Amino acid sequence: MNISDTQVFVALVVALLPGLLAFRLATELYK
Amino acid sequence: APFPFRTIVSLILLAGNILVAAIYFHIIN
Amino acid sequence: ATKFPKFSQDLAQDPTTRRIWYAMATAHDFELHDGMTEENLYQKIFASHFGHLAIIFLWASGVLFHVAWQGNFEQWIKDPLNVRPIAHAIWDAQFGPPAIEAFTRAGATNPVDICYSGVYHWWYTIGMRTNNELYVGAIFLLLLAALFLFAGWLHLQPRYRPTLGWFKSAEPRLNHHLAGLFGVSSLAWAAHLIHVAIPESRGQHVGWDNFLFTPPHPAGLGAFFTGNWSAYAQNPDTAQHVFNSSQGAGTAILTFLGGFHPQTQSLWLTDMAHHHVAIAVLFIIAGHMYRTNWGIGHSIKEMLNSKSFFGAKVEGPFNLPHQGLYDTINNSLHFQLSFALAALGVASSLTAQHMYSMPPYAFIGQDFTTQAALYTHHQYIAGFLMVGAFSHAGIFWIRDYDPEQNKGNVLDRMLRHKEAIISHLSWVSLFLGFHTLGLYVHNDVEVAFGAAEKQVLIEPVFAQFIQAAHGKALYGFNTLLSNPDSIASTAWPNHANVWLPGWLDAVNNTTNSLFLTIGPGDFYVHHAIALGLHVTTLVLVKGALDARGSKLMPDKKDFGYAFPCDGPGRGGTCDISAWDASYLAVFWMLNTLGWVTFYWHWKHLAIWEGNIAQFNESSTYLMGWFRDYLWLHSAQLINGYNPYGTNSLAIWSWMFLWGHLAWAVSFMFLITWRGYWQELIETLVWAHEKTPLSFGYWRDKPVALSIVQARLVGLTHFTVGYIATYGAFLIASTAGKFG
Amino acid sequence: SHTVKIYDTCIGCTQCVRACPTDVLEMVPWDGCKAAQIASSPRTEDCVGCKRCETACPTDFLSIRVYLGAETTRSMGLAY
Amino acid sequence: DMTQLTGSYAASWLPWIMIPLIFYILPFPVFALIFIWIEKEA
Amino acid sequence: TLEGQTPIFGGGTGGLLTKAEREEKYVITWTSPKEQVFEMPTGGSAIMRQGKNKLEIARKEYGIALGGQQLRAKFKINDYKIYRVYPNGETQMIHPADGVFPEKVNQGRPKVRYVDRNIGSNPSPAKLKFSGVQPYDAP
Amino acid sequence: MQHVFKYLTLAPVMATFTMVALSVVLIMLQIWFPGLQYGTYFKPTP
Amino acid sequence: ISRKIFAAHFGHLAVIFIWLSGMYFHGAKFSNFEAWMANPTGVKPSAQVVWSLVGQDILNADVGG
Amino acid sequence: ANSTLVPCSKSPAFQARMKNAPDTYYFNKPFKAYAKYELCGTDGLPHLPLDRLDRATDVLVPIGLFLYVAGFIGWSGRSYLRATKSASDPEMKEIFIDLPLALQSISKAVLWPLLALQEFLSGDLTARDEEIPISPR
Amino acid sequence: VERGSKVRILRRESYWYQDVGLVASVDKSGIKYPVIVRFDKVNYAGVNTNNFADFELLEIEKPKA
Ligand code: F6C
Ligand code: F6C
Ligand code: CLA
Ligand code: CLA
Ligand code: CLA
Ligand code: CLA
Ligand SMILES: CC1=C(/C=C/C(C)=C/C=C/C(C)=C\C=C\C=C(C)\C=C\C=C(C)\C=C\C2=C(C)CCCC2(C)C)C(C)(C)CCC1
Ligand code: SF4
């Protein structure tokens, strides 16, 4: 039994935080 | 020059190789 | 000028397309950036390392999430020997119904890829059982990547930017990385094995909800503090134990049984736990060697600069001058990177060599395609890491080495007898190549003329003797571990040879990869491997030692690591830079790893066929390799799609061609050189300028790729084609032919 | 632009100036050699980097050296 | 049936929308953004 | 403005491009004793007239090659000059710089980019790390 | 004729002569003693 | 130059004549030409015969006739 | 002692190979020699092991013969090159072989091992490191 | 050194570093590199002569007579 719709959506929402932090780190390194 | 350190290290390594060969040729066990 | 690249005004003022290309090729060469200081360099590197760690964690999280979402982990648990693991689902909206049907397999109702990375076996061995656990791990790794990204951002803020002295403090870093990064991590992994992995392998569920009040051993922690450690080794798993069940399951948490678990044909989990406990203890002990803040401990600079051996006068360790080296390594990031890359390459080679012969994961030894893919993957990575180690050694020679601070030490002596070093490497390479190729073609001619008995077939007696000394009784030698009465086998003073029974059982097993039987073909291919290693080392060492200069170019150090040439004068100086030596050595590294992986794959294919005699009788001449390995095993790969239909190998069939395409493309970049293309581009520029209705116009003047850029692009195409072609062939010939 | 340097080993043989296809070099008075002249590169902005001057230089090692640097329209030899 | 792409996994419409988005919808705007970034005058 | 009559030429594809009108252009002027056939720098044959001739070119190398390898070497013409013309009409006579050919030593010419040492005494790059100076530019 | 003799001492001519002589020697050894192998040289025919 | 061209062309013609003579001689002395003429459809043409020194005589294919 | 290798005359696969052979100059006597003198593996083909105290002459004889021949060639070349150095035009003597000099060099190199030992003892074999052209470090 | 003397080159970047050359002439003026040395072997540019200063040479043999 694989994960459900809610788990996929929760993973997608959680992955936003590393994405934003990666953008912040990239812009800081570009400085 | 006799090269003391070089020849001592070389002889130690050669003695190790000879001992391995002697084990390998069933001279010693 | 343009804003891009921000780090180079010379490139920013370039009015041609080259400005873009070089901007990508020099972005991570922080030392050459405009207005770069050492402290800023170290801080930027530290933040970039945080970013790379975050990327690695995101990659692991993605693998876990895709397995938990579209894989068949739970179904694969119930039958690891007959269920194909699923990597991820396929969504290619331009498939036909035959392709959809062909790729719908492994119990799925949608097209899927078959996983060959072995992550299913790895997760199964370490106690993972449900898709929910994989999902939780993926979420945790997402959070960890976010944490490391935040740390990378934070340590760039003015109050948290470390000083140069913090980066230069070698002794505390060594202490912390030996005791904490290596030792404490190993102890934590042993704790995970004892508390989670072993109980799960014994059919008992242990998780975050109950691990606090579920002791891993009945004796508890009292046995450890009292000194009754032997209680942890009592009642191991029986030879009839069934993995992931309590049938035949023991209670010991730290044994030293040795050999393999009889059912899974892989290393005992308790043995691995005790291994990691011992490694943790050893590394924690090692992490207390150097002096940081309390007086006690060795000072590396003092050891390198020492000139007295208990009163006697010596030039240094082994009577060799090592003085001034502490500042040389400490101030040269390229030197440290060279050791780091060399160590990682050796470790990757060791991983490849020790994982197929001693599988650590349950049933992974019976997944032939997974074994082949893992071995080839880690060996090629090791080759790349070695090439990088020597390339950055050359970069150190050019950029960071200064003769006066290294006067008289061993590095200076190496630079001073570089000629002897290179000449002797060339001699070894010539001898190996001449005699190996001559014996190969002699055997080829004899077999072609119906005289296979006239082949020169040199027995690998030394390696066979080593195998016998390790316990292989097949060859008839009666030395060391193959002699039950030997001093080594009995271990007369203590008889603590608790490894010998299981180790001998694994060694003398005829159905595993532990010290495979070897003959003349193995001898010849090992000497070919030695030739490849020596030639690649010759190229890399000649590039590194001649990086500062040679008779042809006495002032090479003033031109940098990577430059095209020094013109057609003085006879011509094409490919004279050390970068060009690394470029040339990549070809030889690819050739050597091709030989190594060909040997491994053909031997294991013969073993898995039940046709070992084919390899034994055909590997002694090169036509045997050409016919019985490549031509014979390419049939299923090239029949993945044909005028009669398609099957699951179609992708490999296509990719096999794709690699062959990329390889071909590289030749165009490697044979044809710049001026031809520059003149052609000039003609095309005229054509565009004189054509009506073509309102477009270049903002960057189109020019042909530079000489060094062309070499790099050709090498990239060559390597990509090499890897893609061999990977497609490997997967198709192993998977389409076996389970 | 590229950088052209002249070292004190120059013998004033004028070969590098004659070999230059873009008139980067010229002979200037000097006292360090018998020929009483030395090469100079006042117009390195026009240097293409062909290294014909290095080929023409007879001294060992070279008395004139070309170091390729930032690329401009004229240093790339572009007619467009 | 095996005449179309389907998915037995949760939210099988997700590949249905994301493959076009990542591979032939967003890439051209991303290339345009990069082109604007690398061609900006100082 | 520059005086002189253009050589007889029926046209070709090796002439000027957008760079001539946008960035810069070059003009080579000379005087010949008679009308005679020469080779254009970018292919083709042209006829130089008896009076003073003026030729428009895209690169300075074209003018240098035409003046040296053809005008002096073959036609024994030594009065050729090369000017750089900018789009705004500003013109500078760039060859020869001071009215004397560069290969002939002339008084008043300063030493430019001269290094007061042999090439083997350049410092190692490890000396000048983060200092921004190249070994050949080191004092 | 002395020029012909000097020509006969050229490196290519001497190399060709030496290679031809060595090839003839090896060919005659193959014809007279076919099948010679390591562990068999200078041993009587059984 | 032209005289050199003429003499060298005569030399190359001599080389071609030597090659043609070799082909004809090998077809006259070391071939199965007569047997092939007897049975054109059942005999493989052959005009090169190898010596027997190192097992290369296996290259002497049974060409018929 | 190695047991996987047995004399070829006692190997059934080698016997099958012997019977199935063509009857030509190239097979009969070679097979008789291989059966009498060679050791065969499980595949029936002769194998050459370096793990036997016996038949050590079978290893040392070809090795010594090749070493002697190679040293002879090398010593002839070295002596000829050293003899041509004293000439005014050594390159002309390297594109034109000086027959008396080559014959003398060959005759002397007939005894190359003793000459090499004598040169090594007297320091004539090698040139010192400071009289050899080298590149800058 | 003087004309006819044999010298060993000490210039590190020279093709003839630690090699042997023959002095052809010495310039008596105050030029930087007055000694002219010829060599038996050519360098990579085909040149077999060069100019050196006195401190870049080591005399190994006096001129004949
Ligand atoms: C921009 C604009 C422009 C324009 C307009 O405007 C143009 C135009 C022309 C005319 C005139 C002619 C004819 C056409 C044809 O046929 O071919 C092409 C095709 C196509 C398709 C091209 C393309 C077109 C355009 C680009 C379109 C675009 C659109 C898209 C869609 C966009 C997209 C965007 C997104 C974001 C991605 C041509 C050509 C040529 N090209 Mg050329 N272009 C250009 C661009 C470009 C670039 C980038 C490059 C690099 C890759 C090149 C390249 C080339 C070569 C090699 C050649 C040849 O050979 C040809 C000729 O010369 O002949 C004679 N070139 N061109
Ligand atoms: C290195 C690698 C290698 C090696 C090593 O070792 C070898 C060896 C072998 C042996 C074992 C035998 C014999 C030995 C004798 O002869 O013995 C007598 C002599 C004496 C004892 C002694 C002699 C001495 C001498 C005379 C001295 C001189 C030498 C010279 C210097 C050389 C050089 C010269 C020139 C070449 C001209 C043989 C033989 C064969 N082969 Mg074999 N090799 C090889 C190579 C090769 C290649 C590439 C190819 C292709 C071409 C081939 C081919 C062939 C054929 C067909 C046949 C044959 O029938 C043979 C027989 O039977 O088998 C069994 N293979 N081989
Ligand atoms: C931890 C490993 C590590 C680290 C930190 C570095 C770091 C560095 N290397 Mg190095 N290197 C390594 C491993 C490493 N290398 C290995 C394993 C090799 C052997 C292949 C090399 C070979 C090498 C050479 C030959 C050179 C460097 C150079 C450099 C420096 C500048 C990087 C550069 O050119 O800009 C960034 C460069 C790139 C981004 C390259 C573009 C990508 C290439 C072409 C791969 C093609 C992409 C491929 C299709 C897919 C890859 C995955 C994709 C996601 C990109 C920098 C200090 C250069 C230097 O110092 O100049 C003096 C230099 O000349 N390295
Ligand atoms: C099949 C391809 C091939 C082969 C055989 C070689 C062979 C060789 N390479 Mg090489 N190389 C190749 C491809 C190849 N390369 C490619 C594609 C690259 C990337 C550009 C390189 C890059 C490279 C580098 C960078 C280096 C080499 C080196 C070497 C030599 C070391 C091995 C040796 O001495 O063995 C013994 C020699 C051989 C096997 C060569 C064949 C000898 C023949 C068979 C003898 C036949 C004699 C016969 C009478 C001739 C017939 C007459 C004829 C003249 C008409 C050797 C000559 C290294 C070197 O020179 O070290 C000394 C070195 O530094 N190569
Ligand atoms: C690096 C890890 C990684 C990798 C290589 C992949 C690979 C893939 N994913 Mg995926 N995915 C991941 C992590 C990863 N996933 C995570 C963590 C999630 C949960 C948020 C998802 C959720 C997800 C969905 C919902 C779908 C895919 C799909 C796919 C496939 C098509 C690509 C696509 O549409 O992307 C879609 C990707 C996302 C929606 C989010 C990706 C988030 C990751 C963490 C970004 C990683 C960035 C990377 C590290 C930076 C690269 C740097 C550069 C220098 C290389 C492809 C096999 C599709 C599929 O199954 O097709 C059949 C699909 O519909 N993924
Ligand atoms: C006078 C003959 C002679 C001698 C004594 C040596 C001696 C040596 N060579 Mg050498 N060499 C020679 C000729 C010779 N070479 C020629 C002609 C070539 C061009 C093909 C080379 C190419 C060469 C390379 C590329 C290398 C050596 C190396 C070496 C050293 C160890 C390996 C070896 O023995 O070479 C093995 C032999 C060869 C590789 C080929 C030589 C075979 C030729 C064809 C024989 C010529 C004989 C000559 C014509 C006799 C004429 C004399 C007559 C007038 C009386 C050693 C100092 C190696 C080294 O530096 O080791 C540290 C190395 O890497 N040599
Ligand atoms: C027992 C044996 C073995 C082994 C061996 C070994 C291991 C050896 C070693 C060896 C070594 C470890 C050596 C070393 C050396 C060194 C050196 C250093 C050398 C030198 C040389 C020289 C110098 C030479 C010279 C010459 C001559 C004499 C002649 C010719 C010419 C010339 C000049 C070349 C084997 C198995 C194989 C086989 C069987 C037997
Ligand atoms: S730099 Fe060289 S070519 Fe130019 S004048 Fe000096 S010695 Fe002559």
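Convention: sequence-line order gives letters A, B, ...; per-chain numbering from 1. As a basis for the values below, the full set of heavy atoms in this structure was taken, side chains included, without hydrogen atoms, waters or symmetry mates. Start at 1 and go down the list; that is how both ligands and their atoms are numbered.
In this structure, atom 28 (C) of ligand 5 has protein heavy atoms in its sub-4.0 angstrom surroundings. Not a single protein heavy atom sits closer than 4.0 Å to atom 53 (C) of ligand 5. In this structure, atom 7 (C) of ligand 5 has protein heavy atoms in its sub-4.0 angstrom surroundings. The presence of a protein heavy atom under 4.0 Å from atom 40 (C) of ligand 5 is ruled out. Atom 43 (C) of ligand 5 is never approached by the protein to below 4.0 angstrom, counting heavy atoms only. For atom 50 (C) of ligand 5, the nearest protein heavy atom lies 4.0 Å or farther away.
The environment of C:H28 atom NE2 is sparse: at most 12 non-hydrogen atoms of other residues, nucleotides or ligands sit within 6.0 angstrom. Within 6.0 Å of the CZ atom in J:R38, the count of heavy atoms belonging to other residues, nucleotides or ligands does not exceed 12.
Annotation for ligand 8: atoms under 4.0 Å from non-hydrogen atoms of D:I11 are 6 (Fe), 7 (S). Per-residue contacts place E:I22 under 4.0 angstrom from the following atoms of ligand 5 (heavy atoms of the residue considered): 33 (C), 34 (O), 35 (O), 36 (C). Close contacts of ligand 5 with A:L12, meaning ligand atoms under 4.0 Å from a residue heavy atom, involve 20 (C), 39 (C). Annotation for ligand 1: atoms under 4.0 Å from non-hydrogen atoms of C:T691 are 11 (C). Within the listing of ligand 5, atoms 20 (C) sit less than 4.0 angstrom from a heavy atom of A:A11. Annotation for ligand 8: atoms under 4.0 Å from non-hydrogen atoms of D:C13 are 3 (S), 5 (S), 7 (S), 8 (Fe). Residue C:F695 approaches ligand 1 through these ligand atoms, each under 4.0 Å from one of its heavy atoms: 6 (O). Short contacts between ligand 5 and E:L14, defined as distances under 4.0 Å to a heavy atom of the residue, involve ligand atoms 25 (C), 64 (O). Each of the following atoms of ligand 5 lies closer than 4.0 Å to a heavy atom of C:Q70: 60 (O). Those atoms of ligand 8 with a heavy atom of D:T14 less than 4.0 angstrom away are 5 (S), 8 (Fe).
The closest non-hydrogen atom to atom 3 (S) of ligand 8, taken over D:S40, D:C20, D:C16, comes from D:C16. With C:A89, A:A15, E:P20, C:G62 as candidates, the residue nearest to atom 3 (C) of ligand 5 on a non-hydrogen basis is C:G62. Across the listed options E:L33, C:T17, C:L684, C:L684 owns the non-hydrogen atom lying nearest to atom 57 (C) of ligand 1.
Within the structure, the closest approach of C:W69 to ligand 5 falls below 4.0 Å when heavy atoms are considered. Within the 4.0 Å heavy-atom shell around ligand 8 one does not find D:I6.
At a 3.5 angstrom cut-off on N or O pairs, C:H66 counts as close to ligand 5. Residue E:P15 has at least one nitrogen or oxygen atom sitting less than 3.5 Å from a nitrogen or oxygen atom of ligand 5, judged on distance alone. Between C:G696 and ligand 1, a contact under 3.5 Å exists for at least one N or O pair.
When hydrogens are left out, the protein atom nearest atom 9 (C) of ligand 1 is C:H688 ND1, 3.9 Å; that is the closest non-hydrogen contact. Of the protein's heavy atoms, C:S694 OG, 3.2 Å lies nearest to atom 11 (C) of ligand 1. The closest protein non-hydrogen atom to atom 6 (Fe) of ligand 8 is D:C10 SG, 2.2 Å. Given atom 62 (O) of ligand 1, the protein heavy atom at minimum distance is C:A687 CB, 3.5 Å. Nearest non-hydrogen protein atom to atom 36 (C) of ligand 1 is E:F28 O, 3.7 Å.
When ring centroids are compared, C:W69 and C:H88 stay outside the 6.0 Å threshold. In this structure, the ring of C:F50 has its center no less than 6.0 angstrom from the ring center of C:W153. You'll find the ring centres of C:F669 and C:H717 inside the 6.0 Å limit.
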Inset, instruction - Using the salt bridge (charged side-chain N to carboxylate O under 4.0 Å, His left out) rule, take D:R43 and D:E26 through it: C-alpha gap first, then chi angles, then the decisive distance, then the call. - result: CA-CA 9 Å; D:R43 293 173 286 280; D:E26 59 192 16; 3.0 Å; yes

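Among J:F39, J:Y44, J:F52, the single residue meeting the ring pair (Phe, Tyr, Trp, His ring centres under 6.0 Å) criterion with J:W16 is J:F39.
Neither the backbone nor the side chain of D:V17 has a heavy atom within less than 4.0 Å of ligand 8. Contacts with ligand 8 closer than 4.0 Å are made by side-chain heavy atoms of D:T59 only, the backbone lying farther away.
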